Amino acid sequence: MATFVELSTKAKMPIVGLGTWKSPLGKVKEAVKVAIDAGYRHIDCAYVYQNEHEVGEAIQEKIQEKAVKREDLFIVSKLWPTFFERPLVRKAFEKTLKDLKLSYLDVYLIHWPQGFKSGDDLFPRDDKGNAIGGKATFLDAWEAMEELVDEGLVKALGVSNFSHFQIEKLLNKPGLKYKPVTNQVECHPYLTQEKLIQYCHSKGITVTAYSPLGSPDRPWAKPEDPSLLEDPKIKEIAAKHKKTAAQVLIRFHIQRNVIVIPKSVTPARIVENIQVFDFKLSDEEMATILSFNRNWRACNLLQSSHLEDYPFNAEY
C-alpha cells in the first residue's frame, strides 16, 4: 500500500506507480495483474506505447474479480504531439479510453511540449531521423483537453517534459480553465531536477519521476552511459539497509515527495519495487544521493532539438 501525494484538486495520487513503456503484449497484462495484487493502484500509460488495450484487459479483470475498485485505481495516460490539432485530441483520447476500457482517466498529460506533424505517423522524421514539426502547439492541445475535464472524462490535466518556461507559458495563458496537477519528467540521482522540482512545488504542481532506474533497457543506450543500478555508491546505500539498488532509487523520490513510476514486467521486480515503505534513507544518505547529479538524461531526444518548444535547452 503506497502513500499519496495530494494534488491541487485534492485528489490523492499514489506515490509509486507502474510504468508500462516497452512492456510487451503478452507480458503487460500479467504485469498489471501482479502489480494490483502487490498493492499498486497507480498505472502510467500512453497512447504511443501501443499496449493500452492489454492494460485495459488487466484492469477490467481485477475489477470484475473484486480485487480492486475503479475509484481506488489511479490511471494516467498521455496525449501524443501528433494529435495537437483540436479534432485529433478528441480522437486520440477516445482511442486511449476505449483501449483502457475505462469511463474516465484520473490524469491526462501532454506527453511532450513540441508539436509534431499532425496525423497517425507517430514518429514523423526526415532522412536523418529528425522530428518533423506541426504548427499546432501545446496550448492548442490544452484547450481541447480542458473539454474532457468539463465532460468528466478526465479528472485532471498535467504535463510531461515541460521546462519551467513552458509551465509559465501555460499558467500565464489568458483564459486558462484548468491548471496542470503534475509535471512528469525524468528524475534520478544523475538528474536530480532540484530547480524544476522547487519551481513546480511552488506553483502547486507535483512532480512524477520517470526512468527512475535510469531506463537500462532504452534502445539507444551505449555501454559508456552511466548505469544507476550498478553504481557502487548507490549500491553502498542499498547494502546499508539490506535493500536493493532499485529500492533505494525509488525511495529517493518518495522522500522528496515526488511520485515515481518504475517499469517492470517481471513479477519479482514488480513486488520489489513497491517494498519501499519499511525503511528510510537518512538525511546524510539523501544529501549524498543528491550530490550525484550530473545533469544526465537517458531521454535527451536530440532528434527534436531544432523545433521551437524544445524543453531541454533551458537550465530548468
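Just so we're on the same page, rigid core means the largest C-alpha set that superposes within 1.5 Å between forms. Counting begins at 1, following the sequence as shown.
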After superposing on the rigid core, the stretch whose C-alphas lie farther from this form in 4 other deposited structures of this protein, comparing 81 to 89 with 216 to 224, is 216 to 224
Looking only at C-alpha temperature factors in the entry, 243 to 251 or 56 to 64, the higher average sits in 56 to 64
Mean Cα B-factor check, 286 to 294 vs 40 to 48, entry values; winner is 286 to 294
Based on the PDB entry, the highest CA temperature factor among the options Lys29, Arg269, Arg256, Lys69 is that of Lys69
Top Cα B-factor in this entry, restricted to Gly129, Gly115, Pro189, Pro180, sits on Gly129
Chain thirds by Cα B factor, record data; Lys222 belongs to the highest
Binned into thirds over the chain's modelled residues, the C-alpha B-factor of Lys78 lands in the lowest
Split the chain's modelled residues into thirds by Cα B-factor; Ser103 lands in the highest
Sorting the chain's modelled residues by C-alpha B-factor and splitting them into thirds places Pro212 in the lowest
On the chain's distribution of Cα B-factors, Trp142 falls within the third called lowest
